[PDB]
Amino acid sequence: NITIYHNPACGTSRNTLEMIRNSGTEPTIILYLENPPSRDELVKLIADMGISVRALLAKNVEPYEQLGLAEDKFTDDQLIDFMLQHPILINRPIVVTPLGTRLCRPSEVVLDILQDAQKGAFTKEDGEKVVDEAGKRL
């Protein structure tokens, strides 16, 4: 039982999703821009990902720029509430499996939490080889 918080317009998210599939399971796909996590759920995700609230913020998106979030003037809960109100601020993708939750940047981080091994070689969109046919990480 796997969930991905996916943005189809993001290569890292696309690569991650295909690596999930290459492990033999079709995840539940949450288009977080339209269906963001509830506050409780977002707090849980951050906790399980073991990163700071700020480390989850997507830079170079309009609200990050306009709300001045680069500046160290925001408590964690201020940042959580901005992410809820402006889901494009949630960096991508977040993946949940029975083993754990990760912000999969770079995409191959997802290999940590996938239970089943890649079923064969995996090469990212741009041609970057990730695992060979034998299953070794390159």
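Start at 1 and count along the sequence shown; that's the residue number.
Annotation for 126 to 134 versus 10 to 18: the higher mean temperature factor (C-alpha) is found in 126 to 134. Comparing 57 to 65 with 44 to 52, the higher mean C-alpha B-factor in the PDB entry belongs to 44 to 52. The entry lists a Cα temperature factor for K73 that places it in the highest third of the chain's modelled residues. Sort the modelled residues of the chain by CA B factor and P87 lands in the middle third. Split the chain's modelled residues into thirds by C-alpha temperature factor. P93 is in the lowest one. Among the modelled residues of the chain, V109 sits in the lowest third by CA temperature factor in this PDB entry.
Split the chain's modelled residues into thirds by C-alpha temperature factor. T25 is in the highest one.
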